[PDB]
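Before any comments, here is the structure.
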DNA sequence: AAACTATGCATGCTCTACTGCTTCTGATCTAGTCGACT
Ligand SMILES: Nc1ncnc2c1ncn2[C@H]1C[C@H](O)[C@@H](COP(=O)(O)NP(=O)(O)OP(=O)(O)O)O1
Ligand SMILES: [Mg+2]
Ligand SMILES: [Mg+2]
């Protein structure tokens, strides 16, 4: 599709047991970036947000 | 010798603290129902 309403991403790791708590860490890092306007929650394995992309 | 006064004591009353037991109340964890989303 050349258009849409959101960007859907999936995060995975080649190892088995490593994928334990990636999403909270990435979420916190992005929040520290200063791009998240809304967060679903503000252990989890899913979250939809509203990024602030530069324009 | 008799009348008045003095001390002395006891017991019930009141208050304030103190400790320990019992009951009531406020803070903290989950089932169900409705709704949101991918
Ligand atoms: N009710 C549902 N049931 C099963 N899978 C679903 C679903 N709703 C979404 N998915 C799954 C399948 C969907 O492909 C995937 C993406 O969800 P979106 O971002 O909400 N819808 P899309 O990306 O297709 O349209 P756009 O490009 O405009 O955003 O999530
Ligand atoms: Mg989508
Ligand atoms: Mg989506």
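Residue numbers (PDB author numbering): 325 to 366, 384 to 396. Quick reminder that beta carbons are idealized off the backbone N, C-alpha and C, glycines included.
Rounded distance between the beta-carbons of residue 385 and residue 348, thought under 8 Å
Against the first chain, residue 348 aligns to sequence position 24. Against the first chain, residue 385 aligns to sequence position 44. Indeed they touch by this definition, with Cβ atoms about 7 Å apart.
Output the boundary residues of the alpha helix (DSSP H) element that contains residue 348.
In the first chain, residue 348 corresponds to position 24, counting from 1. Where residue 348 is concerned, the enclosing alpha helix (DSSP H) stretches over 346-357.
One or two residues paired with residue 360 in a DSSP bridge
Counting from 1 along the first chain, the entry for residue 360 is found at position 36. According to DSSP, residue 360 bridges with 392.
Backbone CA spacing between residue 343 and residue 351 [nearest angstrom]:
Here residue 343 corresponds to residue number 19 of the first chain, with the count starting at 1. Here residue 351 corresponds to residue number 27 of the first chain, with the count starting at 1. About 15 Å.
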